[PDB]
file data.cif (mmCIF, C-alpha atoms and all ligand atoms)
data_final
#
loop_
_atom_site.label_atom_id
_atom_site.label_comp_id
_atom_site.auth_asym_id
_atom_site.auth_seq_id
_atom_site.Cartn_x
_atom_site.Cartn_y
_atom_site.Cartn_z
CA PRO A 1 -109.33 -104.92 157.52
CA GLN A 2 -108.21 -104.51 161.11
CA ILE A 3 -108.05 -107.79 162.99
CA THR A 4 -107.92 -107.85 166.77
CA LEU A 5 -106.31 -110.68 168.69
CA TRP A 6 -108.93 -111.70 171.24
CA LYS A 7 -109.15 -114.93 169.27
CA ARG A 8 -106.94 -116.65 166.71
CA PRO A 9 -106.73 -114.58 163.50
CA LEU A 10 -108.15 -117.21 161.13
CA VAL A 11 -109.03 -116.32 157.55
CA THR A 12 -110.15 -118.21 154.47
CA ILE A 13 -107.51 -118.83 151.82
CA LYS A 14 -107.58 -120.38 148.37
CA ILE A 15 -104.67 -122.55 147.34
CA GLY A 16 -104.35 -125.23 144.68
CA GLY A 17 -108.03 -124.77 143.89
CA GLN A 18 -109.06 -125.60 147.46
CA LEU A 19 -110.53 -123.44 150.21
CA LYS A 20 -108.85 -123.71 153.60
CA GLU A 21 -108.90 -121.95 156.96
CA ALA A 22 -105.50 -120.55 157.95
CA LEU A 23 -103.92 -118.56 160.77
CA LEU A 24 -102.24 -115.20 160.13
CA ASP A 25 -99.00 -115.88 161.98
CA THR A 26 -96.38 -113.16 162.46
CA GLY A 27 -94.15 -115.56 164.38
CA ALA A 28 -93.84 -117.91 161.38
CA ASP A 29 -91.07 -117.18 158.86
CA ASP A 30 -92.73 -119.48 156.35
CA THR A 31 -96.18 -120.55 155.24
CA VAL A 32 -97.13 -124.11 156.22
CA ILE A 33 -100.20 -125.99 154.96
CA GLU A 34 -101.66 -129.41 155.87
CA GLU A 35 -101.13 -132.30 153.44
CA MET A 36 -102.38 -131.48 149.95
CA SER A 37 -101.23 -131.78 146.34
CA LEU A 38 -99.38 -128.88 144.73
CA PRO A 39 -97.94 -128.71 141.20
CA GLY A 40 -94.23 -128.48 140.42
CA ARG A 41 -90.92 -129.49 141.95
CA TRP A 42 -90.35 -129.68 145.70
CA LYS A 43 -87.52 -130.36 148.13
CA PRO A 44 -87.61 -131.61 151.71
CA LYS A 45 -87.18 -129.29 154.69
CA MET A 46 -87.33 -129.54 158.48
CA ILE A 47 -89.10 -126.86 160.51
CA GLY A 48 -89.65 -126.68 164.21
CA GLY A 49 -90.53 -124.89 167.36
CA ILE A 50 -91.95 -125.77 170.71
CA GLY A 51 -92.60 -129.49 170.79
CA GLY A 52 -90.03 -130.38 168.15
CA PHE A 53 -89.57 -130.55 164.39
CA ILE A 54 -91.60 -131.85 161.47
CA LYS A 55 -90.59 -132.70 157.91
CA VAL A 56 -92.31 -130.75 155.12
CA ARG A 57 -92.17 -130.45 151.33
CA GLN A 58 -91.14 -127.04 150.01
CA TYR A 59 -92.95 -125.82 146.88
CA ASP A 60 -91.89 -122.54 145.32
CA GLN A 61 -93.84 -119.97 143.29
CA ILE A 62 -97.27 -121.03 144.57
CA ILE A 63 -100.20 -118.63 144.25
CA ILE A 64 -102.48 -118.16 147.25
CA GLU A 65 -105.47 -115.90 147.67
CA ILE A 66 -105.80 -114.51 151.19
CA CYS A 67 -108.85 -112.37 151.99
CA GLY A 68 -109.13 -111.38 148.33
CA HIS A 69 -105.44 -110.49 148.08
CA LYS A 70 -103.39 -112.60 145.68
CA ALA A 71 -99.80 -113.37 146.62
CA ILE A 72 -97.15 -115.72 145.32
CA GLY A 73 -94.42 -117.44 147.28
CA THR A 74 -93.03 -120.56 148.88
CA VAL A 75 -95.44 -122.90 150.61
CA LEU A 76 -94.38 -125.74 152.90
CA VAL A 77 -96.64 -128.79 153.00
CA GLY A 78 -96.69 -131.24 155.90
CA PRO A 79 -98.26 -132.47 159.15
CA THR A 80 -98.90 -129.07 160.71
CA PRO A 81 -101.66 -128.97 163.36
CA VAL A 82 -103.02 -125.73 161.87
CA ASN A 83 -102.68 -124.08 158.45
CA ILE A 84 -100.30 -121.13 158.89
CA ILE A 85 -99.78 -118.03 156.75
CA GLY A 86 -96.24 -116.88 157.57
CA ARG A 87 -94.36 -113.65 156.96
CA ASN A 88 -93.25 -114.61 153.44
CA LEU A 89 -96.86 -114.15 152.31
CA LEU A 90 -98.09 -111.65 154.91
CA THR A 91 -95.68 -109.06 153.52
CA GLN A 92 -97.17 -109.49 150.04
CA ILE A 93 -100.66 -108.55 151.16
CA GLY A 94 -99.34 -105.54 153.06
CA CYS A 95 -100.06 -106.94 156.51
CA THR A 96 -98.56 -104.99 159.44
CA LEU A 97 -98.69 -105.08 163.25
CA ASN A 98 -99.97 -101.86 164.82
CA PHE A 99 -100.20 -100.57 168.38
CA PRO B 1 -95.69 -98.10 165.99
CA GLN B 2 -96.41 -99.88 162.72
CA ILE B 3 -94.23 -102.93 162.21
CA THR B 4 -93.83 -104.56 158.81
CA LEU B 5 -92.98 -108.23 158.41
CA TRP B 6 -90.04 -108.32 155.98
CA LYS B 7 -87.97 -109.37 158.97
CA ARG B 8 -88.98 -111.07 162.23
CA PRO B 9 -90.93 -108.62 164.42
CA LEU B 10 -88.42 -108.70 167.28
CA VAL B 11 -88.77 -106.13 170.06
CA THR B 12 -87.20 -105.42 173.43
CA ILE B 13 -89.18 -106.47 176.49
CA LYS B 14 -88.48 -105.87 180.15
CA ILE B 15 -89.33 -108.52 182.71
CA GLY B 16 -87.82 -109.01 186.16
CA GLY B 17 -85.92 -105.75 185.66
CA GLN B 18 -84.03 -107.26 182.72
CA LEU B 19 -84.13 -106.44 179.02
CA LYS B 20 -84.68 -109.35 176.63
CA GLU B 21 -85.47 -109.79 172.95
CA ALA B 22 -88.88 -111.24 172.05
CA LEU B 23 -90.95 -112.08 168.99
CA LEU B 24 -94.40 -110.57 168.41
CA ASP B 25 -96.24 -113.77 167.49
CA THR B 26 -99.91 -113.59 166.45
CA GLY B 27 -99.83 -117.35 165.90
CA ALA B 28 -99.12 -117.94 169.60
CA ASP B 29 -102.09 -118.01 171.98
CA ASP B 30 -99.82 -117.43 174.95
CA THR B 31 -96.62 -115.63 175.98
CA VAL B 32 -93.64 -117.99 176.49
CA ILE B 33 -90.29 -116.88 177.88
CA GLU B 34 -87.02 -118.79 178.22
CA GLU B 35 -86.00 -120.15 181.62
CA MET B 36 -85.78 -117.41 184.25
CA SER B 37 -86.82 -116.67 187.83
CA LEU B 38 -90.35 -115.29 188.31
CA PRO B 39 -92.15 -114.58 191.58
CA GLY B 40 -95.06 -116.49 193.08
CA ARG B 41 -96.64 -119.87 192.56
CA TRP B 42 -96.94 -121.57 189.18
CA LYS B 43 -99.49 -123.94 187.67
CA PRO B 44 -99.00 -126.60 185.01
CA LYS B 45 -99.83 -125.81 181.38
CA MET B 46 -99.63 -127.79 178.14
CA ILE B 47 -99.04 -125.84 174.94
CA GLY B 48 -99.12 -127.31 171.45
CA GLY B 49 -96.40 -126.33 169.03
CA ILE B 50 -95.62 -127.26 165.46
CA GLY B 51 -94.05 -130.57 166.45
CA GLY B 52 -96.12 -131.59 169.45
CA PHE B 53 -97.11 -130.62 173.00
CA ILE B 54 -94.91 -129.83 175.98
CA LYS B 55 -95.40 -128.85 179.63
CA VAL B 56 -94.47 -125.35 180.75
CA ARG B 57 -94.82 -123.35 183.97
CA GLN B 58 -97.65 -120.82 184.12
CA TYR B 59 -97.15 -117.65 186.18
CA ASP B 60 -100.02 -115.19 186.55
CA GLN B 61 -100.16 -111.41 186.92
CA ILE B 62 -96.54 -110.82 185.92
CA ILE B 63 -95.36 -107.30 185.14
CA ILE B 64 -93.86 -107.06 181.66
CA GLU B 65 -93.08 -104.15 179.36
CA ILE B 66 -93.24 -104.72 175.61
CA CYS B 67 -91.64 -102.22 173.27
CA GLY B 68 -92.15 -99.66 176.04
CA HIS B 69 -95.80 -100.57 176.63
CA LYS B 70 -96.60 -101.74 180.14
CA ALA B 71 -98.59 -104.98 180.56
CA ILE B 72 -99.48 -107.32 183.42
CA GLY B 73 -100.51 -110.87 182.74
CA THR B 74 -99.85 -114.53 182.26
CA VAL B 75 -96.35 -115.59 181.32
CA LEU B 76 -95.35 -119.16 180.58
CA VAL B 77 -91.79 -120.33 181.17
CA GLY B 78 -90.24 -123.19 179.23
CA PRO B 79 -87.97 -124.32 176.37
CA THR B 80 -88.94 -122.06 173.52
CA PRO B 81 -86.86 -121.29 170.38
CA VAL B 82 -87.20 -117.56 171.10
CA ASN B 83 -89.05 -115.45 173.67
CA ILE B 84 -92.61 -115.19 172.40
CA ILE B 85 -95.16 -112.44 173.03
CA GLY B 86 -98.48 -114.10 172.21
CA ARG B 87 -102.05 -112.95 171.79
CA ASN B 88 -102.77 -112.65 175.50
CA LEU B 89 -100.39 -109.70 175.85
CA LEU B 90 -100.60 -108.44 172.28
CA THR B 91 -104.28 -107.83 172.99
CA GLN B 92 -103.42 -106.01 176.23
CA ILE B 93 -101.12 -103.54 174.49
CA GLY B 94 -103.68 -102.90 171.73
CA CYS B 95 -101.85 -104.67 168.92
CA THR B 96 -103.82 -105.46 165.77
CA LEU B 97 -103.10 -106.89 162.35
CA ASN B 98 -103.88 -104.55 159.46
CA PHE B 99 -103.93 -104.88 155.68
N1 LIG C 101 -99.44 -121.68 172.70
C1 LIG C 101 -98.39 -120.93 172.44
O1 LIG C 101 -98.20 -119.90 173.03
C2 LIG C 101 -97.38 -121.35 171.39
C3 LIG C 101 -97.73 -122.22 170.37
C4 LIG C 101 -96.77 -122.59 169.42
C5 LIG C 101 -95.48 -122.09 169.49
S1 LIG C 101 -94.38 -122.47 168.38
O2 LIG C 101 -94.78 -123.62 167.70
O3 LIG C 101 -93.11 -122.62 168.98
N2 LIG C 101 -94.37 -121.27 167.43
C6 LIG C 101 -93.46 -120.14 167.55
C7 LIG C 101 -92.09 -120.15 166.89
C8 LIG C 101 -91.41 -118.96 166.81
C9 LIG C 101 -90.15 -118.88 166.24
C10 LIG C 101 -89.55 -120.01 165.71
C11 LIG C 101 -88.22 -119.93 165.11
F1 LIG C 101 -87.60 -118.87 165.56
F2 LIG C 101 -87.55 -120.95 165.41
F3 LIG C 101 -88.32 -119.85 163.86
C12 LIG C 101 -90.24 -121.22 165.79
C13 LIG C 101 -91.49 -121.29 166.38
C14 LIG C 101 -95.40 -121.14 166.40
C15 LIG C 101 -96.33 -120.02 166.87
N3 LIG C 101 -96.22 -118.98 165.87
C16 LIG C 101 -95.16 -119.21 164.91
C17 LIG C 101 -94.83 -120.68 165.07
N4 LIG C 101 -95.56 -121.41 164.05
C18 LIG C 101 -95.13 -122.76 163.73
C19 LIG C 101 -94.02 -122.61 162.70
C20 LIG C 101 -92.70 -122.87 163.03
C21 LIG C 101 -91.71 -122.69 162.08
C22 LIG C 101 -92.04 -122.25 160.81
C23 LIG C 101 -91.00 -122.05 159.76
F4 LIG C 101 -89.83 -122.44 160.21
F5 LIG C 101 -91.30 -122.74 158.68
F6 LIG C 101 -90.98 -120.77 159.46
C24 LIG C 101 -93.35 -121.99 160.49
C25 LIG C 101 -94.35 -122.16 161.44
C26 LIG C 101 -95.15 -121.21 170.50
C27 LIG C 101 -96.10 -120.85 171.45
CL CL C 102 -91.41 -116.80 149.51
CL CL C 103 -96.00 -130.12 186.13
CL CL C 104 -103.04 -112.81 180.44
#
call {"tool": "encode", "arguments": {"input": "data.cif", "output": "structure tokens", "more": "lines below"}}
Ligand SMILES: NC(=O)c1ccc(S(=O)(=O)N(Cc2ccc(C(F)(F)F)cc2)[C@H]2CNC[C@@H]2NCc2ccc(C(F)(F)F)cc2)cc1
Ligand SMILES: [Cl-]
Ligand SMILES: [Cl-]
Ligand SMILES: [Cl-]
result
Amino acid sequence: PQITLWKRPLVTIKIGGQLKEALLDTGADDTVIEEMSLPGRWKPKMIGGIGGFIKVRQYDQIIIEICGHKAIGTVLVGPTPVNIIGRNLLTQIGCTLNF
Amino acid sequence: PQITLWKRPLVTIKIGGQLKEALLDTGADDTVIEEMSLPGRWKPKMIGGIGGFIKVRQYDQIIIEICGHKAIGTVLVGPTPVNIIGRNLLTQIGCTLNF
């Protein structure tokens, strides 16, 4: 699809057997999801931006379905105000910016 | 152009006659630039980031060129990790997400 930017580019994703709404975010290096359970090992990480930093759990090799495109990669889990699909997964679905 | 996301989508902007580096950020509603002098009056604005909300200065109808594309619009000034070109100007220059 082609998604314009008049409003936030929210899409439905499937992760850990749950459906969630997430923002396609070219400014985010990493994918960050609200508190949820994921399988496997994790390690702590700090991420930040305007407003400050939050602590998240880093899970690797997690599968996510984004608009019917399956991708695998690292997912950070923590108290983010919005679910964010970052570049590490956007690349995998072939997402580009065009103008 | 078409910009992939394997690295940060950093571009050159021109504002106040000066060249600066900025991030094309579809996850940002607004355009936020590091401290600099802009003309005219400003209004208060609260923007929410990953780690909380902060106050920034809102300037309207500011001339700004983004990757050679001329735009005129709202620019916020405040403590941001990098200069951010958000949806308000991405929309102006005709930028879309595609996959
Ligand atoms: N309203 C508005 O315009 C606005 C809203 C939010 C922000 S934001 O929170 O600062 N912000 C932009 C951002 C840009 C660049 C950087 C930095 F360079 F440091 F990596 C950090 C943050 C948000 C907006 N889009 C990307 C970033 N998302 C939160 C985030 C932060 C860090 C990660 C990580 F590190 F895991 F990848 C993942 C997600 C900026 C502007
Ligand atoms: Cl990854
Ligand atoms: Cl104020
Ligand atoms: Cl604007």
call {"tool": "residues_around", "arguments": {"input": "data.cif", "residues": "residue 10 (chain B)", "least_positions_apart": "4", "cutoff": "8 Å", "atoms": "all atoms listed in the file", "output": "number ranges by chain"}}
result
B: 21-24
call {"tool": "closest_residue", "arguments": {"input": "data.cif", "among": "A:1, A:72, A:97, A:43", "to": "residue 16 (chain A)", "atoms": "only C-alpha atoms"}}
result
A:72
call {"tool": "closest_residue", "arguments": {"input": "data.cif", "among": "A:76, A:96, A:44, A:32", "to": "chain B", "atoms": "all atoms listed in the file"}}
result
A:96
call {"tool": "residues_near_ligand", "arguments": {"input": "data.cif", "ligand": "ligand CL 104 (chain C)", "cutoff": "6 Å", "atoms": "all atoms listed in the file", "output": "ChimeraX atom specification"}}
result
/B:73-74,88
call {"tool": "interface_residues", "arguments": {"input": "data.cif", "of": "chain B", "to": "chain A", "cutoff": "7 Å", "atoms": "all atoms listed in the file", "output": "MDAnalysis selection string"}}
result
chainID B and resid 1:6 23:27 48:54 80:81 87 91 93:99
call {"tool": "closest_residue", "arguments": {"input": "data.cif", "among": "B:46, B:38, B:11, B:62", "to": "ligand CL 103 (chain C)", "atoms": "all atoms listed in the file"}}
result
B:46
call {"tool": "atom_distance", "arguments": {"input": "data.cif", "atom1": "CA of residue 33 (chain A)", "atom2": "CA of residue 14 (chain A)"}}
result
11.4 Å
call {"tool": "closest_residue", "arguments": {"input": "data.cif", "among": "A:57, A:41, A:20, A:70", "to": "ligand LIG 101 (chain C)", "atoms": "all atoms listed in the file"}}
result
A:57
call {"tool": "atom_distance", "arguments": {"input": "data.cif", "atom1": "atom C24 of ligand LIG 101 (chain C)", "atom2": "CA of residue 78 (chain B)"}}
result
19.0 Å
call {"tool": "atom_distance", "arguments": {"input": "data.cif", "atom1": "CA of residue 30 (chain A)", "atom2": "CA of residue 56 (chain B)"}}
result
25.2 Å
call {"tool": "closest_residue", "arguments": {"input": "data.cif", "among": "A:31, A:71, A:77, A:66", "to": "ligand LIG 101 (chain C)", "atoms": "only C-alpha atoms and all ligand atoms"}}
result
A:31
